[PDB]
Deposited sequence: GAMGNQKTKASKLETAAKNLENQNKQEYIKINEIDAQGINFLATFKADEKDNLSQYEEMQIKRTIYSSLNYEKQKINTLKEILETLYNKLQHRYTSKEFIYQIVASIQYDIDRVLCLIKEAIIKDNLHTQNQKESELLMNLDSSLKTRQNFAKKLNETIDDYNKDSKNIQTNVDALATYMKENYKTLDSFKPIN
């Protein structure tokens, strides 16, 4: 348990320094979301999202940029705006948060079913990553017209990121 905390902690710092490296080159990934005055993308929330995304896409700028275009392209159509937001604030944040929650519960133990809870929530982020990479690949091949047609992109994203629980292990 101490060893999990130790490893996971070390993973968190490594992600943090990698995210900062990428963002220093001025790729404002969630720029369009930061600019939104309806919700408030807190600095903290911005950061949690990136942990999942950046890690998922193995810190490859080109890929982060490709996804930026999908989120932005749905964002630029009022009809599908909720789809881009729900992805970020509902799926991606929930995948990330869950990992975090267990690590509080692991810390709370060390200082007073957790290892299968930690197992699960890390695994849920592995299955998301895999799905996301397929999606980046699918986009660049304009499969199901999800590059030329934003209606298709909406359908595809809706269908492929329906619920948090679908990325969980069986």
| Deposited sequence versus model: which ranges have no CA atoms? | 1-12, 125-135, 194
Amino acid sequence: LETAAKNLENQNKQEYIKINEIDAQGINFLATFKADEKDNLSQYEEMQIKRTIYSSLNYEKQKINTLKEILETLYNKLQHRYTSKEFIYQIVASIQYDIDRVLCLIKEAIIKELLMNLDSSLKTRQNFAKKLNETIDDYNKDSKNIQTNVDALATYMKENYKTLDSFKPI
From here on, numbers count along this sequence of modelled residues.
| note | As the entry reports it, the stretch among 89-97 and 72-80 with higher mean C-alpha B factor is 72-80
| message | Can you tell me whether 119-127 has a higher mean C-alpha B factor than 29-37 in this record, or the other way round? | response | 29-37
| message | Quiz for you: based on the deposited Cα B-factor, which of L67, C104, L114, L57 is highest? | response | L114
| note | On the chain's distribution of Cα B-factors, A109 falls within the third called highest
| field | Ranked C-alpha temperature factor of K13 among modelled chain residues, by third | value | highest
| request: Just say lowest, middle or highest third for the CA B-factor of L153 relative to the other modelled residues in its chain. | output: lowest
| said: Looking at the temperature factor on the CA atom of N133, which third of the chain's modelled residues does it land in? | reply: lowest
| note | Chain-relative C-alpha B factor for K50 (record values, thirds): the lowest
